[PDB]
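Colleague: The structure under discussion is supplied below as structure tokens; questions concerning it will follow.
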């Protein structure tokens, strides 16, 4: 389907913001955000994105926490201000 | 008023549709959720109610919100698959209690169990020790049964329940023609 | 009914949609409320090679040409080369298209809020506004073009104008020389604009006069000034033939002289009704004169014989002029009530 | 008792499933609204024209307002339509290009002396296919400056390959006052006998009498064939009479043979007017049904009147 994609530094700098607003937690596990882009064209293009809280469990690895309401609200307002960009997929900062 | 969070777990299995007991009591306990959430609305409307099932794959239908308007619409499409799950069903709620808006709200989680527990006594007493450690209110409600009602469940509740004074209560409903509404409305946990 | 239990969820999704369209339908009012200027729109079909080719040609009042496709909500009367369209800042889009016509001026021509033949005439003008519901079963197709002519001295103009008051609809006034101007190619624009106003507005009444003078085909081959209204009439007939919208509001035509007649004027959409006036009677003119003068105060003794006999080859407007003239000297006579002899006195006065 | 419950539940489920059509149909329109709202996101496009090009990648553009500019090449479009001599479009940002802006039996003779209705047939064909919509006025002269207008119309005729020409009442133009007329005729000869492809474009001429029609111009060269129409065909007249007899109900006994046979030298639209006049004549008796006797009488009288007014 998609031969190649285009990733802008803005989202990785948003990950830098994720490492910014931490404020010395003592947890600092993997954080799952929501990536936005254009799936209309064959080549994927990333403009901007937002962040959603994501938490897991120490022992059990099957634990994952997301939010439907916050996602629909953020994507709703983002679609309200800009209709040129929609949802595509997600990303995590975990090395593994 | 009273500031607390409400977490309700519904059974999506086919054991609720059995012909001996109530004719798909899922709708009845749905109406129970309706009247208790409307009761909480009348008392303290600022409380939020989340919804998730006991199945293998945990999927939140509606995030905790003070408005039950869309929740009533999300009460449908139960997706009758899977059988039962316990541990991750607890870990998907009690650990997710930190995602609430108000930090002044107390932690309260209930459950509707229509299927036999597949987990041994070890996991039970361990998870009970965990819930007792983090001190979260838990109300055990079991609709329908196959084997004996309370055997290890008694010791389970006793070990899970701390602070004997004004603590949690156990709800045990036998077979009968009467509904589950006025029956679960008997303790102080409802209304 | 277990299979029909899934319908409730669908209805919930639909009402949820109705709840979530409130905002996007709300912003429409505040966004589209004030178009800042007016631009001219010209439709031009492009080709992209969905990905369907769509485009348009725009002309600003500041004489600056821009580029833009065809967009906006559902269009019906749009896509036509009209004017007065909604536009926002720098967007140059199309929201609300309203047609006010072109060079308005021709359009604001005027604002208006013998028994056996006038009976047929009245029935003729009434039936298209009446029997349409009965035209389905009977299958009777109402005539469009109606030719009203006759010898000079009839007064058919104010008679038809009087019937226009009976139609209760809006009346318009268009003459022969009004179609003749200094410019060229005015015919097509005039016809299309008139039909546009006839399309947009209510089923009003349209009456044109002197079609014989402007329809002269000039047998003599030497010279003449106006060939325009000839082809204007030809185009009018063409649009009254090859066009389905012609079932809409009728256009009434009248000719003063029968010396010039076009054999191609015969059709349902074109001129159909033909009524010749064989020296209209007296007593009827006395009747309509009585109907016109019934409002004014007159001594209720009239023989009618003298006033019927003294009127020869006179219009209806001339009879009304006789009434007015009778009212003129009645003011300086000292009498507060009109008499009988004042009528004939007025006749011998103005005529 | 158990059998009726199925029917009842069928009724409830029926009225439950029949209320969706009042929603799901307009939901598509409601969605289409927001689709258009997302279709309005593209704005700020301007125009331009290409004259001289040096670099194949980047050329010079000419705005309508008169200032001149230069733009680049977008990775989407190719060098195929990038060639000069084609009006293109530009954007307010970066001056890119979304797309371009495109600019906007070889003869027959029909003479109508016995009556009319040829225009009805031409209208029938035009409403049938006609391959296009075009009309040519009888006199384009009064509109010597009309020559360039004729050449412009023919230029458009060369622009659009498929063409069909309809000319009604050509007997008017067929007739220093005469000198300019002869000059216009010479122009017509020069244009028709010039270099053009007539194998595609078709011309149709309508007229009245064979007098001013210039039999020399009616020649095989400037006109291949000639078709005379005295009156609509028997099958055609019967057909149109049948379709005109559709909305109007009549007596159980009906014969169109008399109506067709008794009709001589009459026209379709005219005959239709005679039919409507017969209906308005028979409406005086305020009867819901109308016999063909009154129809035959009314048609006879009215047609006779038309024959008397045929002068």
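Chains as they are written, first to last, in PDB author numbering: chain Z, 5 to 100; chain b, 1 to 191; chain F, 53 to 101, 116 to 179, 191 to 428; chain E, 11 to 114, 167 to 205, 209 to 240, 248 to 383. All C-beta atoms in this analysis are idealised placements derived from N, C-alpha and C, irrespective of residue type, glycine included.
Give me the subset of the segment 19-32 of chain Z whose CB atoms are less than 7 Å from a CB atom of chain b, sorted by chain position.
Modeller: none
Colleague: DSSP puts residue 106 of chain b in a beta bridge; with which residues?
Modeller: b:4
Colleague: Is the beta carbon of residue 112 of chain b closer than 7 Å to that of residue 10 of chain b?
Modeller: In this structure, residue 112 of chain b lies closer than 7 Å to residue 10 of chain b by Cβ.
Colleague: Report the option in b:179, b:157 and b:75 whose CA atom is closest to the CA atom of residue 62 of chain F.
Modeller: b:75
Colleague: Show which residues of chain F have a CB atom less than 7 Å away from the CB atom of residue 320 of chain E.
Modeller: 215 and 216
Colleague: Taking the CB atoms as reference points, tell me whether residue 186 of chain E and residue 233 of chain E lie closer together than 7 Å.
Modeller: no
Colleague: So is residue 69 of chain Z in contact with chain b if we call contact Cβ pairs under 7 Å?
Modeller: yes
Colleague: Any chance the segment 7-27 of chain b sits against the segment 142-153 of chain b, with 3 or more Cβ pairs inside 8 Å?
Modeller: yes
Colleague: Shortest alpha-carbon distance to residue 101 of chain E belongs to which of F:151, F:134 and F:140?
Modeller: F:134
Colleague: Would the segment 339-353 of chain E count as touching the segment 340-348 of chain F if we require 3 or more Cβ pairs under 8 Å?
Modeller: yes
Colleague: I want to know whether the segment 68-82 of chain Z touches the segment 102-112 of chain b - three or more CB-CB distances under 8 Å.
Modeller: no
Colleague: Do you know how far the Cα of residue 168 of chain F is from the Cα of residue 205 of chain E?
Modeller: 20 Å
Colleague: Mind listing the chain b neighbours of residue 60 of chain F? Cutoff is C-beta to C-beta under 7 Å, in chain order.
Modeller: 76
Colleague: Please classify residue 31 of chain Z: is it buried, with 16 or more other beta-carbons within 10 angstroms of its beta-carbon, or exposed?
Modeller: Counting the other Cβ atoms within 10 Å of the Cβ of residue 31 of chain Z gives fewer than 16, which makes it exposed.
Colleague: Between the C-alpha atoms of residue 81 of chain b and residue 138 of chain F, what's the straight-line distance to the nearest angstrom?
Modeller: 46 Å
Colleague: Is the segment 355-366 of chain F in contact with the segment 379-391 of chain F, if contact means three or more CB pairs nearer than 8 Å?
Modeller: yes
Colleague: Per the DSSP calculation, residue 231 of chain E is bridged to which residue(s)?
Modeller: E:276
Colleague: Could you check where the alpha helix (DSSP H) with residue 40 of chain E kicks off and where it finishes?
Modeller: 34-49
Colleague: For the ligand PLP, any of its heavy atoms closer than 6 Å to the Cβ of residue 272 of chain F?
Modeller: As far as ligands go, the structure on display features none, and thus does not contain the ligand PLP.
Colleague: Would you say the segment 391-409 of chain F touches the segment 226-234 of chain F, given that touching needs at least three Cβ pairs under 8 Å?
Modeller: yes
Colleague: What's the C-alpha gap between residue 238 of chain F and residue 199 of chain F?
Modeller: 12 Å
Colleague: Does DSSP put residue 64 of chain F in a helix, a strand or coil?
Modeller: helix
Colleague: Whose C-alpha, out of F:156, F:219 and F:244, is nearest the C-alpha of residue 281 of chain F?
Modeller: F:244
Colleague: Sort F:68, F:80, F:153 and F:116 by Cα distance to residue 92 of chain F and report the nearest one.
Modeller: F:153
Colleague: Residue 54 of chain E touches chain F at which residues, Cβ-Cβ below 7 Å?
Modeller: 156
Colleague: List, in chain order, every chain E residue whose beta-carbon is nearer than 9 Å to that of residue 262 of chain F.
Modeller: The CB of residue 262 of chain F comes closer than 9 Å to the CB of 205 in chain E, given here in chain order.
Colleague: Between the segment 175-182 of chain b and the segment 24-32 of chain b, do three or more beta carbon pairs fall short of 8 Å?
Modeller: Remark: three or more beta-carbon pairs, one from each stretch, lie closer than 8 Å, so the segment 175-182 of chain b and the segment 24-32 of chain b are flagged as touching.
Colleague: Whose C-alpha, out of E:220, E:310, E:67 and E:211, is nearest the C-alpha of residue 252 of chain E?
Modeller: E:211
Colleague: If residue 109 of chain F sits next to residue 285 of chain F, beta carbons under 8 Å apart, how far is it from one beta carbon to the other, in whole angstroms?
Modeller: This structure gives no coordinates for residue 109 of chain F. The numbering of chain F moves from 101 immediately to 116.
Colleague: Residues of the segment 27-38 of chain E with a CB closer than 9 Å to any CB of chain F: list them in chain order, please.
Modeller: Listed in sequence order: 27, 29, 30, 33, 34 and 37.
Colleague: Check the Cβ of residue 87 of chain Z against every Cβ in chain E and list those closer than 8 Å, keeping chain order.
Modeller: 47, 48 and 51
Colleague: Should residue 289 of chain F and residue 333 of chain F be called a contact, given that it needs their Cβ atoms to be closer than 7 Å?
Modeller: Yes, the pair counts as a contact, with Cβ atoms nearer than the cut-off.
Colleague: Confirm, please, whether the CB-CB distance from residue 361 of chain F to residue 224 of chain F is below 7 Å.
Modeller: no
Colleague: Rank F:271, F:287 and F:293 by C-alpha distance to the C-alpha of residue 254 of chain F and give the top, closest one.
Modeller: F:287
Colleague: Please confirm whether residue 6 of chain b and residue 108 of chain b have their CB atoms less than 7 Å apart.
Modeller: yes
Colleague: What is the DSSP secondary structure of residue 150 of chain b, counted as helix, strand or coil?
Modeller: coil
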